[PDB]
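*Asks:* Dropping the structure in here first, questions after.
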Amino acid sequence: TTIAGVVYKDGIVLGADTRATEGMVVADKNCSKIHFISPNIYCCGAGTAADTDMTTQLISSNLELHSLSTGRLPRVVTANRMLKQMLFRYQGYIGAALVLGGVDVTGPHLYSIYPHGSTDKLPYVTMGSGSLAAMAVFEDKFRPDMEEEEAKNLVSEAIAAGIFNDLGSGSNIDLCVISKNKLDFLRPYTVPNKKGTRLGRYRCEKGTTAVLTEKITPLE
Amino acid sequence: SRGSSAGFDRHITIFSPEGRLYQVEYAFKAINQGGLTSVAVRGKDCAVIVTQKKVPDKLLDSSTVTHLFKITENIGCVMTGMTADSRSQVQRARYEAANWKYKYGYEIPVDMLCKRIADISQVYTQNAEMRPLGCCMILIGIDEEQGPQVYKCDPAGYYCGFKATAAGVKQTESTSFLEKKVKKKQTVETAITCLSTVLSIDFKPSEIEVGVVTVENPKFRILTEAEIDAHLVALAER
Amino acid sequence: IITX
Amino acid sequence: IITX
Amino acid sequence: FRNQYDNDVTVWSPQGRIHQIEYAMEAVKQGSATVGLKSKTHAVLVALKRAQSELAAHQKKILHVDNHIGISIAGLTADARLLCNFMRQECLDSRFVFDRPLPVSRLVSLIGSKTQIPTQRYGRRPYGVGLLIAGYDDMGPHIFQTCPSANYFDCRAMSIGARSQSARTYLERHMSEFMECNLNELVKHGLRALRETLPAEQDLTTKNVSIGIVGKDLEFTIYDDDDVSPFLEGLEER
Amino acid sequence: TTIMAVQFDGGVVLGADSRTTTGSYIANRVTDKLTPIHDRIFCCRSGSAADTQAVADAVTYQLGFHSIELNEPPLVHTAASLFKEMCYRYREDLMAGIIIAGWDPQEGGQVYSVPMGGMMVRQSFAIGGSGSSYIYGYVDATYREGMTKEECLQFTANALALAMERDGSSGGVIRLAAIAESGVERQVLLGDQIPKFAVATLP
Amino acid sequence: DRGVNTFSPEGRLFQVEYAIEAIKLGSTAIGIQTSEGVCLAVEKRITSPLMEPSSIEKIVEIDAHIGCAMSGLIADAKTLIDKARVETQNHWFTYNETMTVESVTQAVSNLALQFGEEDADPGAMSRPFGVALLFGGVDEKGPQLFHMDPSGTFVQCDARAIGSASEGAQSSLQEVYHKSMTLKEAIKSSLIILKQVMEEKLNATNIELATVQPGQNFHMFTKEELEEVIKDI
Amino acid sequence: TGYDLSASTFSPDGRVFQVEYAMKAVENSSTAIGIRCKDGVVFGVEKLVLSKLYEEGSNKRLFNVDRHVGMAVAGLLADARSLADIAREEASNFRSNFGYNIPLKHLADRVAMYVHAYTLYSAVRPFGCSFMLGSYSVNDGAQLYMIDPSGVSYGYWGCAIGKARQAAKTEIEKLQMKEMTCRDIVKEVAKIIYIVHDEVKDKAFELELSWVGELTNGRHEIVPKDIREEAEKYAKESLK
Amino acid sequence: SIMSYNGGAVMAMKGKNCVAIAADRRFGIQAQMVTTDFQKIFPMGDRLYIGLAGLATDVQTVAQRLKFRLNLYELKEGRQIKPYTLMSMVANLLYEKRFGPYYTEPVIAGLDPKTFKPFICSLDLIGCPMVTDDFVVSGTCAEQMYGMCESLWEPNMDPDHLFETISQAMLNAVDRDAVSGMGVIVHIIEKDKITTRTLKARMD
Amino acid sequence: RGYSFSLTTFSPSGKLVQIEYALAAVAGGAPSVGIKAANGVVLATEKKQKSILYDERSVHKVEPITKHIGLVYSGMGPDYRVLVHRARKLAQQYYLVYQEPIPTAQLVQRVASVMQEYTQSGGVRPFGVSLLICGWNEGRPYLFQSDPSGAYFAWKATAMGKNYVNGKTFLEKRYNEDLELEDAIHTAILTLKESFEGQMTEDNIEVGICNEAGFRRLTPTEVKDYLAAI
Ligand SMILES: [Cl-]
Ligand SMILES: [Cl-]
Ligand SMILES: [Cl-]
Ligand SMILES: [Cl-]
Ligand SMILES: [Cl-]
Ligand SMILES: [Cl-]
Ligand SMILES: [Cl-]
Ligand SMILES: [Cl-]
Ligand SMILES: [Cl-]
Ligand SMILES: [Cl-]
Ligand SMILES: [Cl-]
Ligand SMILES: [Cl-]
Ligand SMILES: [Cl-]
Ligand SMILES: [Cl-]
Ligand SMILES: [Cl-]
Ligand SMILES: [Cl-]
Ligand SMILES: [Cl-]
Ligand SMILES: [Cl-]
Ligand SMILES: [K+]
Ligand SMILES: [K+]
Ligand SMILES: [Mg+2]
Ligand SMILES: [Mg+2]
């Protein structure tokens, strides 16, 4: 996994690759790592897949409760607190490494959140096995107050760096762009890897597989 | 029906035949036992709370006689009703607000704090083993989007936001005064004029307490005796 | 356990 | 883990 | 005026009384009499033992608590044992922790704390027993008195139980003599006070007197039956 | 991490480096290790980032509620005590080396160390974190009784610059804060602003 | 309506006083303590000739050296008897010695007043026990008889009757008893007294007798042994 | 009125009669007074002697609840002692958690909420006691608070509780206590107790006196025997 | 390894208006075959099946406890459960055991009971769900199965071509794994019918 | 702990009078209306908004539970807030397990089940509210009522609170099955006008609608528009 986030002039750009592994085998080629938290907050997930899925879902759900009650748009600091306090409670046994980004009444905010419950509030972050590749791109090229298309280029370049240099990362690049006026959930943003074209025909004709037993059970 | 009664519907919070809760109604009567009235009003720039300050003794340390309380740095309240009940409800509000800030990373909005206290009060209207608190809480604070806010909750667990409101012995007369005034298209001067009218007292600076929050200065502030006198003298010279 |  |  | 206020220990009456406590106190008033008194060097307990029939043995009225403390009982026996066992345990705990005797005033405070608790909780009841407590510690001899109300008293001397007012009157008459009495004189006084509680026909005998003694040179010791004979003869009066 | 705090007459100076590490990767180059607990009470954090953040959030909550109840500014010794209680009680489950420093009207400028294990001791000045090993000598030789505020800031920036030079686990920018009756003044020394001392190349 | 731990104006617990009134509805039981042992005699009170008389059990063995005679609401007695049995065996387990009669009675009596409706762990006791007990046995203090009632008060007695006719029976016991009385005399005496006070004609089926002696373990009398004693009538 | 059996039941006029009845237990009790002055707080109690068989010092109605805090009680004594234990524990826990001596106002507010909690439920009854808490320190000055069975807490310059409450107050009001020292006020406390004592209805009382101020270095202590006796004599001869 | 103790393999595969699910039939304890007709694929509805490879005890327990939850859902709701909703139900069940999980990795194959749209997914042993448009595999020979599926599967296959493909992927995959095989069973799920076949297959 | 015994019990004639008396609280509450159009649902309610001093937008009677489900009530407001909170909480519990928004009927069942608890559990009284619950799922609108007993009914149209029995007969001679939502909103507001007294503004009635797009309150300016005609 490579996930990443950037604060630009008018918002956040989040990014992620789409590979999921079981050991050193790819289980899923097009898995979605950018999670809905609220309409104005998203969260990229790296680490134990079930933990990132169940952790983001639970917090999103509690924020919907929260915002249902307050009648207000939720804040990024609230998502950050809820996540970090839960992760801290579980002492690192919930293996969720998160890039939390959104826009609220106090502007754009971006946090990285670690399995043990520490968080860092920063203008660019990366997480996952490809995070040093992605971070190298950010240190080389990030400037403050980038325009939207610059920020999107930079994030997709950072994910690509992870995709190609980390055996843990692969397949597509997904982005999410969040501003005061807009949410663009771009899945896929880029498809830099394509399965090679199938050269031979293996046309297995009917009867090729021998059958011992058959039962037809009709339905209505 | 019309004041009917079966069983223990006057002793505990079960329904009377009309579907009333006499015990809740009686908790409202307990608010007036204190003999005091409180008034709150909001404008575009600030929110104000003013209450009576009776110090019949003089062996009292009058600095400890107050019905104004800081809940957070930016939320004030005036309590009306039974004193110990009121102090308990203030402690609860402080805890709820502090706890909110710890869990969510921003200050509790005034409407939510009022709602939470109201929701807690509701439990005492449905569970038979305890009484409602015989007190009424009025909250003030600045909201970032909505402006200055005054909120009130009561022993029934009703709560609401207000342009202006009142509590205690002359609540109905204060409501009438404020209605007549707000019908047309100075917030501290309205609050102390309302209170002085309904009581017919014409105050000294040591006979009332004033608390404020402003858009400029959202920290809850209790006025000094001198600061109150400035407003009293400015009103006396029309 | 699948990882990302 | 992550230290200062 | 009474009947709805007298069944629950949690119900204050309209005169600011708790009838269940007062009723518990009657349990001790109807117990047989016991006397407690002290000198500079010793604390003595003296007790009348009620025999149910002619062939019954007489009820034990004096109980060992620790080497330095014993008690005389009046009221419900079962409550006496429960409290005596509580006292025994507090004394063992103190020796386990500190390797020294629990001071008598501290033990008595623990009784007060303990016995107060059920006087304030619904469905519980007061302890229906009063104790005279004889002890010796760094502050010398002690006679304490404990009540169903959870109050307790530090006494020069005391009597509780039936017709104990007579014993109290004797004790008041001679208390100025007590502090400088030798042990024999002090017991003689205790026995004389106890003897006042008896119908004029009746006498103190070895069947009905129990004696308890603690002091500077002497662990708490109980004298019954043939062991009281030395103290009775004796026998000043008439 | 390197952290430091110094008492002067009227206030305190606090300082930290800005490095957060996992192994020898730098997860944050511009970390802010000087966290506000109240209006005029800061803690400097070393050890586990998760632990010191969670503990600092909890003490902030405890102290804020305490302060509203009493309706007075909190004592620095009370902030230190709350840190001590939590760090001592949970010493087997926490990795946290804390300096608490600030100002209150009663005792003025104060510095308290709560090192791992959760003892508490008041000091003229305190240092902590991995990098502090490399500056014990320096601060022992340089510290003077009666330093002004500006002298305390200079002393602090020097010491941290030296530790950061040698400790792989410290580095980045120096963050300073001064706390006095009048309030809190924060600043960053970065790049050429960080005190420089020659590598001792050969004659 | 009032709680189970309410005191009366006279300073007594209503439930305990009412439980004592239940004892007067039970059959008469007699205990006598002599220097040669203690005997326990009890009216069975047969209510129908279809009822099997041996299936009424109002004297029971606590341990080899201790018997117990009961009167009142007998079902209530079971948990008290079981507690006495279990305590004596625990005492044996821990100390390798026989528990004294006094100590057994004391242990059982500490269950008295442990009822109530708001401290209450399980559904614990709601009311007192409607039972009186005579513990008769032998220990190092010699032969011994103790009485216990629903109050939790217990006491040593040279002789004692309990149940419906106990005032009358107790009167006859003060008359016949002396300190130097033999066991076989005490046996006769208690049957003489039971004969007086029973509503039914006394016989070998509608009473029970048991003894405990320094020499000999707890012993329930057989039909044949009862008939022998009944002859003198 | 009707209506008066449970602290969980309001009367139709909005009263809690069980609390009002508890207050009556306090107003049946003999009188205790507290006076705050320039440099501390003094307490005095009219301690009725119900037998000559009791020891001089039995049934104290003055307690140390922390080394810097005194407690003065009226009402049902067992309830008051239990409240003294609660106060003691609150001060003890405060020091363990926050690492300094509990401020009097905060201790008063905490114990008061404990008292208040027993005014809401059928499950428990209200405390049948009122108590004053007094302290002194160089930073916070002299402070005197009073709590009643409803759980209301206020700070006072002068205060009285028990059966001669109003009589005591009108004598206390005649003192300019703000300008007086503890060494002077003891005599005036003793004096007031003697004025309000009904020597015909209830003969024989002991005077119980305690203080906390500069002169005790912020420690709550019994007034020394020789000073008490001078105050007793001054009060006695002031009456005749 | 816990997952190799009983062995076994399941896969599912998507077609044009149909799905297939398949499983080996061996129940063994390490080297020893005990039985050659062990059920690993269980009905969860007329057109919705779950296949469970892994530790045999938990294959059965998960199937049974999932059924418990499913039957209650269907009685309480108006209706037959949707494929996606069954996945979330299984996910929830396995994640409850996050810190002591069931040792099984299910695959789900079915048609939506209203639309008849094909659905397949798998989940890891703590309930991470994984939906695909082609195929899913699970068991001791997952790499073998991936090899066969990546090379043979094509889009839009009809019931007869889908049957041949899933059968060939299973038979050849399990023939390279010591602890899977002793028979293969295949279910083809169509709108109007269920076709269940056992294959001629190596028994070594 | 609390009182452990029931406070609603059966009377000799087989009635649970505490529930009947909770129904009376509902009947004395402000009027509410629900109409199920072919393509949507409308909920409308009167605000018992006396004083000009009230901030009308500060508390709402028409509340969202989920993106697709909405509530209104008649009876005691604070009781209603308890049930709004539970409904919301229940909707999320469902969502976490099934990853599908809760069907309206399932939410109503779970909320009704809580209301049943308060007719039997120890030391409590029933809720003095009836709820009207609207929602859209399976491409189809739903309107439900849940009463203080925990009984629930599916309605095409209904009324509750003061003067409901007339409200029901007003709708009985005025709803058809083939009715559009915007027409249904008009008749919802006319139903409230039957039992009003006071003259209607947009600040003293509240309207929610529910359709394929989800549930939402109408804004004051939208209500103003419909009130032109009425
Ligand atoms: Cl945060
Ligand atoms: Cl990763
Ligand atoms: Cl007695
Ligand atoms: Cl007794
Ligand atoms: Cl008393
Ligand atoms: Cl007495
Ligand atoms: Cl760095
Ligand atoms: Cl950090
Ligand atoms: Cl906080
Ligand atoms: Cl350290
Ligand atoms: Cl350190
Ligand atoms: Cl460190
Ligand atoms: Cl009897
Ligand atoms: Cl299950
Ligand atoms: Cl389920
Ligand atoms: Cl109950
Ligand atoms: Cl809510
Ligand atoms: Cl809405
Ligand atoms: K209630
Ligand atoms: K470095
Ligand atoms: Mg840890
Ligand atoms: Mg094979």
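Each chain in the structure tokens gets a letter, A, B and so on, in the order shown; residues start at 1 in every chain, and ligands are counted from 1 in the order they appear.
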Residues within 9 Å of residue 99 of chain F, please, as an NGL selection string. Count only C-alpha atoms; anything in the same chain fewer than 5 positions from it doesn't count.
*Replies:* :F and (3-5 or 14 or 42-46 or 80 or 111-115 or 126-128)
*Asks:* Since we have the selection now, will you write its residues out, keeping N, CA and C atoms, as a PDB file, in the first residue's frame?
*Replies:*
ATOM      1  N   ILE F   3      14.608  17.766  24.686  1.00  0.00           N
ATOM      2  CA  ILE F   3      13.730  18.785  25.263  1.00  0.00           C
ATOM      3  C   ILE F   3      14.411  19.452  26.420  1.00  0.00           C
ATOM      4  N   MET F   4      14.023  20.694  26.670  1.00  0.00           N
ATOM      5  CA  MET F   4      14.679  21.515  27.679  1.00  0.00           C
ATOM      6  C   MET F   4      13.790  22.657  28.151  1.00  0.00           C
ATOM      7  N   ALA F   5      13.930  23.003  29.425  1.00  0.00           N
ATOM      8  CA  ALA F   5      13.227  24.135  30.024  1.00  0.00           C
ATOM      9  C   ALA F   5      14.088  24.807  31.077  1.00  0.00           C
ATOM     10  N   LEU F  14      11.074  27.233  27.259  1.00  0.00           N
ATOM     11  CA  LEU F  14      11.006  25.831  26.885  1.00  0.00           C
ATOM     12  C   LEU F  14      11.529  25.709  25.480  1.00  0.00           C
ATOM     13  N   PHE F  42       2.883  24.701  29.820  1.00  0.00           N
ATOM     14  CA  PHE F  42       3.232  23.835  28.706  1.00  0.00           C
ATOM     15  C   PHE F  42       3.857  22.561  29.250  1.00  0.00           C
ATOM     16  N   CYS F  43       3.762  21.492  28.460  1.00  0.00           N
ATOM     17  CA  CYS F  43       4.641  20.336  28.628  1.00  0.00           C
ATOM     18  C   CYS F  43       5.535  20.135  27.392  1.00  0.00           C
ATOM     19  N   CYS F  44       6.765  19.694  27.633  1.00  0.00           N
ATOM     20  CA  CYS F  44       7.651  19.235  26.573  1.00  0.00           C
ATOM     21  C   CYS F  44       7.597  17.738  26.592  1.00  0.00           C
ATOM     22  N   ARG F  45       7.415  17.130  25.424  1.00  0.00           N
ATOM     23  CA  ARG F  45       7.215  15.703  25.333  1.00  0.00           C
ATOM     24  C   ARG F  45       8.375  14.947  24.691  1.00  0.00           C
ATOM     25  N   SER F  46       8.811  13.886  25.368  1.00  0.00           N
ATOM     26  CA  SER F  46       9.712  12.881  24.806  1.00  0.00           C
ATOM     27  C   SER F  46       9.193  11.465  25.074  1.00  0.00           C
ATOM     28  N   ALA F  80       1.867  19.596  36.952  1.00  0.00           N
ATOM     29  CA  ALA F  80       2.932  18.599  37.129  1.00  0.00           C
ATOM     30  C   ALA F  80       2.444  17.386  37.910  1.00  0.00           C
ATOM     31  N   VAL F 111       9.738  24.960  36.526  1.00  0.00           N
ATOM     32  CA  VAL F 111      10.082  23.812  35.673  1.00  0.00           C
ATOM     33  C   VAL F 111      10.019  22.531  36.513  1.00  0.00           C
ATOM     34  N   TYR F 112       9.226  21.541  36.086  1.00  0.00           N
ATOM     35  CA  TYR F 112       9.146  20.228  36.765  1.00  0.00           C
ATOM     36  C   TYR F 112       9.504  19.149  35.784  1.00  0.00           C
ATOM     37  N   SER F 113      10.351  18.207  36.203  1.00  0.00           N
ATOM     38  CA  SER F 113      10.631  17.006  35.413  1.00  0.00           C
ATOM     39  C   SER F 113       9.761  15.868  35.917  1.00  0.00           C
ATOM     40  N   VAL F 114       9.082  15.184  34.995  1.00  0.00           N
ATOM     41  CA  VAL F 114       8.471  13.904  35.265  1.00  0.00           C
ATOM     42  C   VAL F 114       9.084  12.906  34.281  1.00  0.00           C
ATOM     43  N   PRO F 115      10.213  12.278  34.671  1.00  0.00           N
ATOM     44  CA  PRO F 115      10.868  11.310  33.776  1.00  0.00           C
ATOM     45  C   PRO F 115      10.151   9.982  33.781  1.00  0.00           C
ATOM     46  N   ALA F 126      15.740  21.905  33.224  1.00  0.00           N
ATOM     47  CA  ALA F 126      15.620  20.477  32.974  1.00  0.00           C
ATOM     48  C   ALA F 126      15.929  20.181  31.520  1.00  0.00           C
ATOM     49  N   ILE F 127      16.476  18.987  31.285  1.00  0.00           N
ATOM     50  CA  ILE F 127      16.661  18.443  29.948  1.00  0.00           C
ATOM     51  C   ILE F 127      16.169  17.005  29.930  1.00  0.00           C
ATOM     52  N   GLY F 128      15.650  16.585  28.778  1.00  0.00           N
ATOM     53  CA  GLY F 128      15.204  15.207  28.586  1.00  0.00           C
ATOM     54  C   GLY F 128      15.242  14.754  27.141  1.00  0.00           C
TER      55      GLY F 128
END
*Asks:* Within 7 Å of ligand 19, which residues show up when you count only C-alpha atoms and all ligand atoms? List them as a list in words, please.
*Replies:*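 Those residues are residues 12, 13, 124, 125, 126, 127, 128, 129, 130, 131 and 132 of chain B.
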*Asks:* Export C-alpha atoms of the chosen residues as an mmCIF file, in the first residue's frame?
*Replies:*
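File again-v7.cif, as written:
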data_model
loop_
_atom_site.group_PDB
_atom_site.id
_atom_site.type_symbol
_atom_site.label_atom_id
_atom_site.label_comp_id
_atom_site.auth_asym_id
_atom_site.auth_seq_id
_atom_site.Cartn_x
_atom_site.Cartn_y
_atom_site.Cartn_z
ATOM 1 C CA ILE B 12 -44.431 9.925 41.229
ATOM 2 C CA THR B 13 -43.994 10.614 37.527
ATOM 3 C CA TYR B 124 -36.227 12.373 35.805
ATOM 4 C CA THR B 125 -39.707 12.831 34.191
ATOM 5 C CA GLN B 126 -39.899 9.159 33.130
ATOM 6 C CA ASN B 127 -38.174 7.249 35.964
ATOM 7 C CA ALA B 128 -40.146 6.962 39.209
ATOM 8 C CA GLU B 129 -37.406 6.856 41.849
ATOM 9 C CA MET B 130 -36.070 10.434 41.782
ATOM 10 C CA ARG B 131 -37.629 13.876 41.547
ATOM 11 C CA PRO B 132 -36.989 16.474 38.894
#
*Asks:* For atom CA of residue 215 of chain G and atom CA of residue 104 of chain G, quote the distance in Å rounded to one decimal.
*Replies:*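 Between atom CA of residue 215 of chain G and atom CA of residue 104 of chain G the gap works out to 20.4 Å.
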*Asks:* With distances taken over only C-alpha atoms and all ligand atoms, which of A:12, A:44, A:37, A:113 is nearest to ligand 8?
*Replies:*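 The closest residue to ligand 8 is A:113.
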*Asks:* For atom CA of residue 60 of chain I and atom CA of residue 94 of chain I, determine how far apart the two atoms are, in Å to one decimal place.
*Replies:*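 Rounded to one decimal, the two atoms are 13.6 Å apart.
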*Asks:* How would you report the residues lying within 8 Å of ligand 20, as a PDB file with N, CA and C atoms, in the first residue's frame, if you count only C-alpha atoms and all ligand atoms?
*Replies:*
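File produced: result21.pdb:
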ATOM      1  N   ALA F 163      22.931  19.114  20.855  1.00  0.00           N
ATOM      2  CA  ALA F 163      22.338  17.778  20.924  1.00  0.00           C
ATOM      3  C   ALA F 163      21.903  17.317  19.544  1.00  0.00           C
ATOM      4  N   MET F 164      21.232  18.194  18.806  1.00  0.00           N
ATOM      5  CA  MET F 164      20.718  17.873  17.470  1.00  0.00           C
ATOM      6  C   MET F 164      21.809  17.521  16.484  1.00  0.00           C
ATOM      7  N   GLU F 165      22.954  18.159  16.634  1.00  0.00           N
ATOM      8  CA  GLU F 165      24.137  17.877  15.830  1.00  0.00           C
ATOM      9  C   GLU F 165      24.614  16.405  15.990  1.00  0.00           C
ATOM     10  N   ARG F 166      24.647  15.926  17.234  1.00  0.00           N
ATOM     11  CA  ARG F 166      25.183  14.610  17.586  1.00  0.00           C
ATOM     12  C   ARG F 166      24.179  13.463  17.627  1.00  0.00           C
ATOM     13  N   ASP F 167      22.967  13.731  18.118  1.00  0.00           N
ATOM     14  CA  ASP F 167      21.934  12.711  18.268  1.00  0.00           C
ATOM     15  C   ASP F 167      21.245  12.510  16.937  1.00  0.00           C
ATOM     16  N   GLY F 168      21.346  11.302  16.398  1.00  0.00           N
ATOM     17  CA  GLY F 168      20.616  10.923  15.190  1.00  0.00           C
ATOM     18  C   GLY F 168      19.113  11.006  15.394  1.00  0.00           C
ATOM     19  N   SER F 169      18.700  10.747  16.628  1.00  0.00           N
ATOM     20  CA  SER F 169      17.290  10.758  17.003  1.00  0.00           C
ATOM     21  C   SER F 169      16.716  12.147  17.292  1.00  0.00           C
ATOM     22  N   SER F 170      17.547  13.186  17.287  1.00  0.00           N
ATOM     23  CA  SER F 170      17.079  14.576  17.358  1.00  0.00           C
ATOM     24  C   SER F 170      17.389  15.296  16.063  1.00  0.00           C
ATOM     25  N   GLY F 171      16.746  16.417  15.799  1.00  0.00           N
ATOM     26  CA  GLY F 171      17.036  17.186  14.590  1.00  0.00           C
ATOM     27  C   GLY F 171      15.897  18.045  14.115  1.00  0.00           C
ATOM     28  N   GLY F 172      16.117  18.712  12.987  1.00  0.00           N
ATOM     29  CA  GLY F 172      15.094  19.527  12.327  1.00  0.00           C
ATOM     30  C   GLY F 172      15.181  20.994  12.700  1.00  0.00           C
TER      31      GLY F 172
END
*Asks:* Write out as a ChimeraX atom specification each polymer residue whose atoms come within 6 Å of residue 40 of chain G, counting only C-alpha atoms; drop sequence neighbours fewer than 2 positions from it.
*Replies:* /G:30-31,209-210
*Asks:* Once you count only C-alpha atoms, what closest atom pair and distance in Å to one decimal does each residue of chain B within 9 Å of chain J have, with rows by chain and rising residue number, as CSV?
*Replies:*
residue,atom,partner,partner_atom,distance
B:13,CA,J:125,CA,7.3
B:14,CA,J:125,CA,5.7
B:15,CA,J:21,CA,5.9
B:16,CA,J:21,CA,6.5
B:17,CA,J:21,CA,5.1
B:18,CA,J:24,CA,5.7
B:19,CA,J:25,CA,4.2
B:20,CA,J:25,CA,6.6
B:111,CA,J:58,CA,7.9
B:118,CA,J:78,CA,7.8
B:119,CA,J:78,CA,7.0
B:122,CA,J:78,CA,6.1
B:123,CA,J:79,CA,8.9
B:125,CA,J:125,CA,8.8
B:126,CA,J:124,CA,5.5
B:127,CA,J:124,CA,4.6
B:128,CA,J:123,CA,5.4
B:129,CA,J:2,CA,6.0
B:130,CA,J:2,CA,8.7
B:156,CA,J:78,CA,7.4
B:157,CA,J:78,CA,5.5
B:158,CA,J:78,CA,5.9
B:159,CA,J:59,CA,8.1
B:160,CA,J:58,CA,6.4
B:161,CA,J:55,CA,5.3
B:162,CA,J:54,CA,4.9
B:163,CA,J:53,CA,5.3
B:164,CA,J:53,CA,5.8
B:165,CA,J:53,CA,6.9
B:175,CA,J:53,CA,7.9
B:176,CA,J:51,CA,8.7
B:178,CA,J:53,CA,7.6
B:179,CA,J:52,CA,6.2
B:182,CA,J:53,CA,7.5
B:183,CA,J:52,CA,7.4
*Asks:* Could you pull out all residues of segment 26-186 of chain I with a DSSP call of helix (DSSP H, G or I) and give them as a ChimeraX atom specification?
*Replies:* /I:56-76,83-96,142-152,159-174
*Asks:* For the interface of chain B with chain A (cut-off 7 Å, counting only C-alpha atoms), please tabulate each contacting residue of chain B alongside its nearest pair of atoms and their separation in Å to one decimal, rows sorted by chain and increasing number, as JSON lines.
*Replies:*
{"residue": "B:103", "atom": "CA", "partner": "A:81", "partner_atom": "CA", "distance": 6.4}
{"residue": "B:104", "atom": "CA", "partner": "A:78", "partner_atom": "CA", "distance": 4.5}
{"residue": "B:105", "atom": "CA", "partner": "A:78", "partner_atom": "CA", "distance": 5.6}
{"residue": "B:112", "atom": "CA", "partner": "A:70", "partner_atom": "CA", "distance": 6.7}
*Asks:* Put those residues in a file: N, CA, C and O atoms, as an mmCIF file, in the first residue's frame.
*Replies:*
data_model
loop_
_atom_site.group_PDB
_atom_site.id
_atom_site.type_symbol
_atom_site.label_atom_id
_atom_site.label_comp_id
_atom_site.auth_asym_id
_atom_site.auth_seq_id
_atom_site.Cartn_x
_atom_site.Cartn_y
_atom_site.Cartn_z
ATOM 1 N N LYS B 103 -13.480 14.771 23.848
ATOM 2 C CA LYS B 103 -13.822 13.783 22.820
ATOM 3 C C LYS B 103 -13.739 14.325 21.415
ATOM 4 O O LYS B 103 -13.281 13.619 20.519
ATOM 5 N N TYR B 104 -14.194 15.563 21.213
ATOM 6 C CA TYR B 104 -14.418 16.079 19.857
ATOM 7 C C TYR B 104 -13.480 17.175 19.373
ATOM 8 O O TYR B 104 -13.476 17.489 18.192
ATOM 9 N N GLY B 105 -12.707 17.769 20.270
ATOM 10 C CA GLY B 105 -11.666 18.690 19.865
ATOM 11 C C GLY B 105 -12.102 20.093 19.528
ATOM 12 O O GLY B 105 -11.315 20.853 18.948
ATOM 13 N N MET B 112 -26.252 22.666 22.000
ATOM 14 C CA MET B 112 -25.974 21.265 22.336
ATOM 15 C C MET B 112 -25.834 21.044 23.831
ATOM 16 O O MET B 112 -26.298 20.034 24.337
#
*Asks:* Can you work out which one of J:102, J:44, J:230, J:69 has the shortest atom-to-atom distance to ligand 18, counting only C-alpha atoms and all ligand atoms?
*Replies:*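 Comparing J:102, J:44, J:230, J:69 against ligand 18, the winner is J:69.
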*Asks:* So which residues are near ligand 6, meaning at most 10 Å away with only C-alpha atoms and all ligand atoms counted, given back as an MDAnalysis selection string?
*Replies:* chainID E and resid 25:34 74:75 130 147 158:165 168
*Asks:* Can you list, as a ChimeraX atom specification, all residues belonging to segment 47-224 of chain E that DSSP tags as strand (DSSP E or B)?
*Replies:* /E:47-48,56,62-66,69-75,121,129-137,140-146,152-155,157-160,209-215,218-224
